[PDB]
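Encoded as structure tokens, the structure appears first; notes follow it.
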Amino acid sequence: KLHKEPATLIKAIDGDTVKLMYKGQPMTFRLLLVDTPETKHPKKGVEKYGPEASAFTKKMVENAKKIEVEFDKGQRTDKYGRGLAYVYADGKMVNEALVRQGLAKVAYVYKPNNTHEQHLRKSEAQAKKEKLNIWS
């Protein structure tokens, strides 16, 4: 059973990355199960819709009253020390909202961190069916 925990926004860094204050400790977070276009891509730099996915996440977490993070069943941090989780802005999961707006694809899943994979896959299909942003 997964549970939500309190977190405080420090700074939005990219469409898939946000810096939060978790349990008194400043910490970078990578949004689970999603690949959004990047502005900080190591090789390409700024991709299409990259700036859009970036502003979307920024506003959403910046205009929220409550921010909560939800870890999955597997590893809680990736090899870069980033926290791996589902982020919620006033009850709405940022991961799903990005995918629903066609501003991100469902990343390659690595068990056992796939609890919401089904949920996200449906939203991506709906977004594709609507040809939103990335899908147009």
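In the structure tokens, chains take the letters A, B, ... in the order shown, each chain's residues start at 1, and ligands count up from 1 in the order shown.
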Give the strand (DSSP E) residues of chain A, as assigned by DSSP on the backbone, as a count of residues only.
38
Set the distance at 10 Å and use only C-alpha atoms: which residues neighbour residue 123 of chain A once local chain neighbours fewer than 4 positions away are removed? I'd like the list as a PyMOL selection string.
chain A and resi 96-102+105-106+118-119+127-129
Need the shell around residue 22 of chain A: protein/DNA/RNA residues with any atom at most 7 Å away, counting only C-alpha atoms. Skip same-chain ones fewer than 5 positions apart. Format as a list in words?
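Here the qualifying residues turn out to be residues 7, 8 and 27 of chain A.
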Preceding selection exported with N, CA, C and O atoms as a tab-separated table (two decimals), in the first residue's frame:
```
chain	number	residue	atom	x	y	z
A	7	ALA	N	5.42	17.53	1.20
A	7	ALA	CA	6.64	18.03	0.60
A	7	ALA	C	6.42	19.49	0.29
A	7	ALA	O	5.27	19.94	0.13
A	8	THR	N	7.50	20.25	0.19
A	8	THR	CA	7.38	21.67	-0.09
A	8	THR	C	8.22	22.06	-1.29
A	8	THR	O	9.39	21.73	-1.38
A	27	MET	N	15.65	18.22	-1.82
A	27	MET	CA	15.87	17.04	-2.64
A	27	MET	C	15.29	17.16	-4.05
A	27	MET	O	14.21	17.74	-4.24
```
Contacts of residue 109 of chain A within 8 Å, only C-alpha atoms, excl. fewer than 5 positions in-chain, as a list in words:
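Result of the neighbour search: residues 33, 114 and 117 of chain A.
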Store the residues picked out above, limited to N, CA and C atoms, as an mmCIF file, in the first residue's frame.
```cif
data_model
loop_
_atom_site.group_PDB
_atom_site.id
_atom_site.type_symbol
_atom_site.label_atom_id
_atom_site.label_comp_id
_atom_site.auth_asym_id
_atom_site.auth_seq_id
_atom_site.Cartn_x
_atom_site.Cartn_y
_atom_site.Cartn_z
ATOM 1 N N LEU A 33 7.542 7.000 -14.221
ATOM 2 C CA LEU A 33 6.871 6.545 -15.432
ATOM 3 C C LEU A 33 6.591 7.530 -16.552
ATOM 4 N N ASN A 114 5.714 0.253 -10.957
ATOM 5 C CA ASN A 114 4.745 0.371 -12.042
ATOM 6 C C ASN A 114 3.303 0.370 -11.545
ATOM 7 N N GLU A 117 1.122 2.373 -13.805
ATOM 8 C CA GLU A 117 1.363 2.221 -15.238
ATOM 9 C C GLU A 117 0.076 2.097 -16.045
#
```
Shortest interatomic distance to residue 83 of chain A - which of A:9, A:32, A:67, A:134, counting only C-alpha atoms
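Between A:9, A:32, A:67, A:134, the residue approaching residue 83 of chain A most closely is A:32.
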Kindly give the distance, in Å, that separates atom CA of residue 29 of chain A and atom CA of residue 73 of chain A, rounded to a single decimal.
16.2 Å
Fewer than 3 positions away in the same chain doesn't count, so skip those; otherwise give me all residues within 6 Å of segment 64-66 of chain A, counting only C-alpha atoms, as a PyMOL selection string.
chain A and resi 61+89-90
Could you check how far atom CA of residue 44 of chain A sits from atom CA of residue 103 of chain A, in Å to one decimal?
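Taking atom CA of residue 44 of chain A as the start and atom CA of residue 103 of chain A as the end point, the length is 17.7 Å.
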Write out as a count of residues only which residues come within 6 Å of residue 38 of chain A when counting only C-alpha atoms, dropping same-chain ones fewer than 6 positions away.
3
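Nearest residue to residue 92 of chain A, choosing from A:131, A:126, A:60, A:24 and counting only C-alpha atoms: A:60.
Closest approach to residue 84 of chain A from the set A:30, A:121, A:40, A:116 is made by A:30, with distances taken over only C-alpha atoms.
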